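Novice:
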Amino acid sequence: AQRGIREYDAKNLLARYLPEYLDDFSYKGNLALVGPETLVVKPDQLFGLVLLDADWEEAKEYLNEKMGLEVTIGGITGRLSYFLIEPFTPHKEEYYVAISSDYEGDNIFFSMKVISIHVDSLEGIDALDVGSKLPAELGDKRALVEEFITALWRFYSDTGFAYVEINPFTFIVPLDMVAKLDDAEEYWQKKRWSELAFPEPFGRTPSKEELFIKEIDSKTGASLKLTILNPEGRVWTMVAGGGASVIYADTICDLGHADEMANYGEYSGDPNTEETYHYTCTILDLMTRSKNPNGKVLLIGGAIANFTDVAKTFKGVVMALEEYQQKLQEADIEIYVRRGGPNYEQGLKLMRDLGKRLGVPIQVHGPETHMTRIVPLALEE
Amino acid sequence: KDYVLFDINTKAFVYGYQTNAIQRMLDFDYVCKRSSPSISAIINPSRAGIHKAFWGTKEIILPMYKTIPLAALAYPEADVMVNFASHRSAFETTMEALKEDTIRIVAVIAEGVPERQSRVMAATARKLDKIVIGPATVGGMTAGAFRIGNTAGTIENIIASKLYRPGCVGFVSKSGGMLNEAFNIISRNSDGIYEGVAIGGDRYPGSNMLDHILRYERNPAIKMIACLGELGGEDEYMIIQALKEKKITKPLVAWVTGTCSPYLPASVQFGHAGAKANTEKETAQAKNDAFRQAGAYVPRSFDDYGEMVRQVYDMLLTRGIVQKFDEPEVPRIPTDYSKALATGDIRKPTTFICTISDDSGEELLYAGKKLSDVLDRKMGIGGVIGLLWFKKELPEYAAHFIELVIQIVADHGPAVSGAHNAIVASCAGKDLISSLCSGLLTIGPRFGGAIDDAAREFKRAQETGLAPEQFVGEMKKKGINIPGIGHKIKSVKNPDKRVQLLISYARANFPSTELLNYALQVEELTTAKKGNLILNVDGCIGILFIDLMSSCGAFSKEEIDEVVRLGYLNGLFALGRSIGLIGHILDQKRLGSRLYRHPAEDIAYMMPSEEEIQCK
Amino acid sequence: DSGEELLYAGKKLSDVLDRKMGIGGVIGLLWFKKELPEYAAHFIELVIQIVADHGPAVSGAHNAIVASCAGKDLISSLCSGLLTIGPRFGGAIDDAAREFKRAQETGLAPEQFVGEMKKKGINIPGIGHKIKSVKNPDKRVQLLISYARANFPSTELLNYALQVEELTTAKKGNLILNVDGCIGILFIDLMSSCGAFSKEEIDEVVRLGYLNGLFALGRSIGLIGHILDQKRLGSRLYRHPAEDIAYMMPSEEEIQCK
Amino acid sequence: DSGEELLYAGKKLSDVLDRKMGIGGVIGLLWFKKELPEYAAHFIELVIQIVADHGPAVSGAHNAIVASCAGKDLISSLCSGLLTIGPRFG
Amino acid sequence: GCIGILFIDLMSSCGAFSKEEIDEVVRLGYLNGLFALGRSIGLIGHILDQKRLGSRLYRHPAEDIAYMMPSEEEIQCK
Ligand SMILES: CC(C)(COP(=O)(O)OP(=O)(O)OC[C@H]1O[C@@H](n2cnc3c(N)ncnc32)[C@H](O)[C@@H]1OP(=O)(O)O)[C@@H](O)C(=O)NCCC(=O)NCCS
Ligand SMILES: CC(C)(COP(=O)(O)OP(=O)(O)OC[C@H]1O[C@@H](n2cnc3c(N)ncnc32)[C@H](O)[C@@H]1OP(=O)(O)O)[C@@H](O)C(=O)NCCC(=O)NCCS
Ligand code: NA
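Now the structure itself:
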């Protein structure tokens, strides 16, 4: 996935690794990040509020006044926590540069309305002469920007970026930065990404449970993904596969239960018993914290698997359900299962034998039942 | 033909030792009545050799190569590579396969491949007129002809979805799991798929959905196209533009998943790396609407997908575009043994019983006791032997006695039979293990076995009530030296320290030393003849071990007799003397000792005569 | 054994036992010609207990059981089992000591060692387990690592192996430092902690297979245990089931000489 | 040994013996999976006779004698001797 | 020397073995097996001979061994 990074992190990467392809003396690493537990001062919470030309005494005045401030951005009401402090660069000119990728290569965008430069995947930047640039004002300042955007592409290409935007820049100094890293690049970027961590989107607070699942997902080729949408939500899901989990969410929203949808999750790529056990323990934990009047619903669905072993995965699911037996009865939880795939009959047998001793309703289905039929069966009845 | 990806003559390499995936491919070839397996070779980066798998109920051999160029040179007919390398190796291996002149298609299974690497693979593929299916896919299949690895799961599922014969539907999805659900949906609402491909859920695939849709448009066998997309990216807009430009004339069923997204936060990244709508155009709603407006057959929701497929298939039947097929013979493969056993379908008798240890569970057990409990309780080596050999939790004096015996018998110099043989084997340049066994194999009635004889003879005399004098007398009459009695240099005035250390410990710590009390009465009688007729080390071990067992209280007379008969005592000598044997072997290795040859003058050659060797 | 009293590396046996040197101390004298410190002698005794047995299914125990079922005496049956000890059964101990020592000596960063081994197509000896993982550890390993961490003066090669392990478990959770790896690596650390062994002396210990000897000594306990167990049970002669063998005879043409 | 008759490299035992393949021929089948020519099978049998023994003083014979003198059975004593066969003896 | 060399010649005379096949035969120790099988005869012979003679337990003579114990200082850990 593409993960957005703080302007602090992007500018730190730039001032460190860009003076390797270019003679980038023009930019220094003069950056300071202010968090909840820690001149130009602006929020660094992945936005689109900026305090320009101020003293440090005036900067501490803005910080204390805006720290913890309740603000609505994108319909989301969250508190202001992260801010960037950097030197004020007095400028006249204002140029834009952005690197994004398409199916045929990378596209460089430049403006002073916008010119586009396509860099082929196999040919690279060396195969390109920049006569495609804007001549209008780029006279004395054309060979320098040609050289800089050439270096920026090399920086984009070698540092595993999925998106970079300098909007704007002046003389060669970056003023505002927006960046996304392809998180799949992690293994190849251990040294360049050393000083950074991916931030949570504005409004959202980090989840100990979500980070625990992300931790399991990192030590396997299999997929274990969990996103809490509503902790107080009635409808909980443990769906196998990326494709199917989206479809189960579509059906719940289509029945008008978008609000009750407690989470978006996914497991696939044949995870072992231990991995599925820890995942199921996490989901069960979160759904047994609060007691709801009309109870709670757990949908253990998925398509007919190609290689994910239903016996091994459901053995992990059964083990967690056995452990949460008291908390399951007390929270009025109803379990609905629909599964197909390798050794499914053995897996459904485990779930049927469990429902006959646990003391909670467990409705068990196979490939004969339509994939998403357990959704209306649980939400309409 | 260019539009054909795989046929019944397709030969492939499976990169990565994926035994289940290999078996799945072969099982499909078998149920499809293929003449030959779809796999020419396996590429195993750790090892070259052979792999055995089934062809129905018949076992076959597949060759196994360390590298892609070596396999390609041996099997040039194989034009497909099924790549099971991890996301850390997927690029290098796919790129190497694409550089091979004989390979045309690479299916990349790995999830978590960088977007740049996928872009470079896709571009490399397009430049060389090759195909990359994936990354992050199961693959796809041509019904009744070829399957990519695990595509379409179990043989039961292949049979239930009738994938052993082609239909008229050309299917393409992003999702691997949904490709299998789609196979089931389509078989129930039409004549089934002809071919199905999952391009993967990555933002930058090796091949886009349209690449496959265009192949289906050229294929005469396919009369119907069906696809299942998702939110994020503009891939589906290649299809809608091709549909608008009349590049797709065959009826196309289309559904884009991710209708949930506008109801939830804009920050939500879904399962697949590419499943996140950055713009409004990238949403499932904008995609399904543009599909409807382009002339595709779009259902109300995923629930109605099959219904849409049924409607389009029926339309082809009315117009006579599709001809009615007769259902071919339903194929059959026996259940795998491991499945039958795991489900409890069968019961299988065990060949062996084991009562001393269990490595099956969460933790290793020694006589039913967890190893962590053995070590947390400081049971020691003697305690471990107590569990593994006697199936007892021995008292502290018994476990320490076992450890004392081991130290005492550890070595007796290089001259004794065992050490001597190990030294000769070590001097011959043999490894430690061979040299050790060469020495251990001398342990028996004359070297080490006086221990078991002293336990047996003394126990019998003392049990049957024989007075020490009567036992000494009886043995003399039979002409049998008392085992455990006698020494070459040591005597009453000059005792063997090994004996003294053992007798003193037993006298001080054993609850009972009844057989030792008897042996000392016997010893008074033998030393009254010759001073060197002392109770030796071997006698001491055998006798005190009977006393240890009598002191434990948990052994009956019979149990004790069994211990003597089975040679537990030879084992204790073997265990302890292996220390000195290993020591001697290592010592000759440190010294760089040469091959031994026994001196010629130490041998009296006494050849028989010509007359003596004759047969009458 | 020539004199008034038996000597182990020049020390009188009565002094070995009066000083409670133990089995580990006796091995220290007879194998390394050293009076080992208490933590080293106890470590040797811990390894022996840990490797004493691993159930009846492994090569060594399996062969000893078959020889016992054939009515063979204890000694023959023991050697039948001991003779399987080598590069695949027991020898990952000596390989883990050799490979980890070389990487850490030659200065290779853990990442470079992991990378080099992958390029050569060689699995790292002492790395990997079938069921145990980071979330579910092998107790045998944990018992050995915990003791070394608590009692060894130095654990430099263990510190390196744990850096290697962080990298292998980042690929697959079951790529943990196994028991064989643990013994080999900690034994180099024990020798470095003693201080009386040079780099060469340590290399000699790895090359001569002292570590195979320690495995052989400790696993003989469980081998003897299995042999006696089949004798108590009155077990019958074993014959391998016919259906577990694929008979693939060459053809008349294949056996011809040209 | 699964069938009606024991096979050595696919050849029935009765055919091996009716054809007088000899010990050299049996080794040809069981070790090289070959029906060896007469000179090759006789060479194998000649080598066996030539290496049968080299007196009691050599490592193998010496170890086998020591084990026998220790009262060990034939099989244990034999393996005690055979386990010296390696880089310097043989 | 004679056995190893003539065995390569025998294999080259058969014609059914390639250069690789011959290298494998040398590598796998087929020749150690031939020596083991033949020398088993004389090994069994000598074992039986000692049994017929009623030979006693062997102990290597003490004077054929040079005992060179390390000193107290040599066995110390530091
Ligand atoms: C792709 C897949 C087949 C890879 O198999 P795997 O079990 O993860 O692992 P591998 O066999 O490749 O081994 C993992 C690594 O451990 C290494 N390793 C193994 N044993 C080792 C040892 N003892 N010491 C060191 N390294 C070792 C291997 O060399 C390999 O290294 P690499 O990743 O750098 O090449 C598997 O992860 C999978 O099935 N993933 C699912 C993909 C998916 O969901 N796709 C979409 C379907 S729609
Ligand atoms: C007569 C002599 C040859 C006897 O030999 P020996 O060394 O004393 O002893 P033996 O070989 O007979 O053995 C002594 C006893 O120990 C017994 N014995 C030996 N090993 C034994 C064992 N392991 N357990 C039990 N008994 C054992 C023998 O059976 C024998 O018993 P016995 O005396 O009741 O028959 C010897 O004592 C001698 O030379 N004496 C000198 C006589 C003399 O001075 N004569 C005048 C010269 S002018
Ligand atoms: Na993962």
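So the protein sequences, as listed, match chains G, C, B, Y and V.
Mapping of the first sequence onto this note's numbering: residues 57 to 437, in sequence order.
Mapping of the second sequence onto this note's numbering: residues 9 to 624, in sequence order.
Mapping of the third sequence onto this note's numbering: residues 1438 to 1695, in sequence order.
Mapping of the fourth sequence onto this note's numbering: residues 2 to 91, in sequence order.
Mapping of the fifth sequence onto this note's numbering: residues 3 to 80, in sequence order.
Ideal Cβ positions, reconstructed from N, Cα and C, are used throughout, including at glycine.
Using only Cβ atoms and a threshold of 7 Å, which residues come within that distance of a heavy atom of ligand 2? Order them by chain position.
Specialist: C:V480, C:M483, C:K484, C:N489, C:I490, C:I493, C:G494, C:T534, C:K537, C:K538, C:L541
Novice: Tell me which residue opens and which closes the beta strand (DSSP E) that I155 of chain G is part of.
Specialist: 151-158
Novice: What residues from the region 423-441 of chain C come within 7 Å of chain V, judged by C-beta to C-beta, listed N to C?
Specialist: Within the region 423-441 of chain C, the qualifying residues are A423, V424, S425, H428.
Novice: How many whole angstroms separate the CB atoms of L1594 of chain B and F1537 of chain B, which I take to be in contact at a CB cut-off of 8 Å?
Specialist: 6 Å
Novice: Does any C-beta atom of chain V lie closer than 7 Å to the C-beta of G26 of chain Y?
Specialist: Not closer than 7 Å to any Cβ of chain V, the Cβ of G26 of chain Y fails to qualify, so no.
Novice: For the structure I just gave you, are there three or more beta carbon pairs, one from the region 3-11 of chain V and one from the region 453-470 of chain C, closer than 8 Å?
Specialist: The region 3-11 of chain V is not in contact with the region 453-470 of chain C.
Novice: Please report the distance separating the alpha-carbon of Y73 of chain G from that of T75 of chain C.
Specialist: If I take the Cα positions, the gap works out to 36 Å.
Novice: Under 8 Å between beta-carbons, which chain B residues line up against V382 of chain C? List them in chain order, please.
Specialist: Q1486
Novice: Could you tell me if the beta carbon of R408 of chain G falls within a distance shorter than 6 Å of some heavy atom in ligand 1?
Specialist: no
Novice: Quick check: what's the CA-CA separation for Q78 of chain V versus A433 of chain C?
Specialist: Looking at the backbone, the Cα of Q78 of chain V and that of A433 of chain C are separated by about 30 Å.
Novice: For the region 1579-1597 of chain B, which residues have a CB atom closer than 7 Å to at least one CB atom of chain C, in sequence order?
Specialist: Result list: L1580.
Novice: Is the closest heavy atom of ligand 3 to the C-beta of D326 of chain G under 6 Å?
Specialist: no
Novice: Are the CB atoms of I587 of chain C and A418 of chain C nearer to each other than 7 Å?
Specialist: yes
Novice: Just the Cα atoms here: how many angstroms apart are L440 of chain C and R585 of chain C?
Specialist: 14 Å
Novice: For residue 7 of chain C and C40 of chain C, I'd like the C-alpha separation in whole angstroms.
Specialist: This structure leaves residue 7 of chain C out entirely; chain C is present only between 9 and 624.
Novice: Measure from the alpha carbon of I389 of chain G to the alpha carbon of each residue in G:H147, G:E117, G:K352, G:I61, then state which is nearest.
Specialist: G:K352
Novice: Which residue or residues does DSSP assign as beta-bridge partners of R59 of chain G?
Specialist: G:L237
Novice: Is there a Cβ of chain Y sitting closer than 7 Å to that of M1686 of chain B, yes or no?
Specialist: yes
Novice: Could you tell me if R408 of chain G is buried or exposed, where buried requires 16 or more neighbouring beta carbons within 10 angstroms of its beta carbon?
Specialist: exposed
Novice: Can you name the start and end residues of the beta strand (DSSP E) that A423 of chain C belongs to?
Specialist: That residue, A423 of chain C, is in no beta strand (DSSP E); it is neither H nor E in DSSP.
Novice: Under the criterion of a Cβ to heavy atom distance below 6 Å, does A296 of chain G qualify as lining ligand 1?
Specialist: no
Novice: Based on Cα-Cα distance, which residue from G:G259, G:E242, G:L237 lies nearest to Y138 of chain G?
Specialist: G:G259
Novice: Run through DSSP, which three-state label would residue 1381 of chain B get?
Specialist: Nothing about residue 1381 of chain B can be reported from this structure: the residues present for chain B run from 1438 to 1695 only.
Novice: Indicate, with yes or no, if ligand 1 has a heavy atom lying under 6 Å from the CB of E322 of chain G.
Specialist: no
Novice: What span of residues does the beta strand (DSSP E) with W209 of chain G cover, start to end?
Specialist: Where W209 of chain G is concerned, there is no enclosing beta strand (DSSP E), although the alpha helix (DSSP H) it sits in stretches over 199-214.
Novice: Would you say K275 of chain G reaches chain B, if we count a Cβ-Cβ gap shorter than 7 Å as a contact?
Specialist: yes
Novice: Looking only at its own chain, which residues have a Cβ that is under 7 Å from the Cβ of residue 626 of chain C, when we skip the five neighbours before and after it?
Specialist: Nothing can be reported for residue 626 of chain C, as the shown portion of chain C is limited to 9 through 624.
Novice: Report yes if the C-beta of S94 of chain C is less than 6 Å from at least one heavy atom of ligand 4; otherwise report no.
Specialist: Only ligand 1, ligand 2 and ligand 3 can be found as ligands here, which leaves ligand 4 out of the picture.
Novice: Mapping DSSP to helix, strand and coil, what is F581 of chain C?
Specialist: helix
Novice: Against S3 of chain Y, what residues of chain B qualify as contacts under a CB-to-CB distance less than 9 Å, listed in chain order?
Specialist: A1679, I1682, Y1684
Novice: Taking a contact to mean a Cβ-Cβ separation below 7 Å, would you say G178 of chain C touches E203 of chain C in this structure?
Specialist: yes
Novice: With H, G and I counted as helix, E and B as strand and the rest as coil, what does DSSP make of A66 of chain G?
Specialist: Helix.
Novice: Return the first residue and the last residue of the beta strand (DSSP E) that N91 of chain C is part of.
Specialist: 88-91
Novice: Report yes or no: is there a C-beta of chain V within less than 7 Å of the C-beta of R602 of chain C?
Specialist: No, no contact with chain V.
Novice: Heavy atom of ligand 1 less than 6 Å from the Cβ of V146 of chain C, yes or no?
Specialist: yes
Novice: Please identify, using Cβ separations under 8 Å, the residues of the region 29-46 of chain Y that lie next to chain B, in order along the chain.
Specialist: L30, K34, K35, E36, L37, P38, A41
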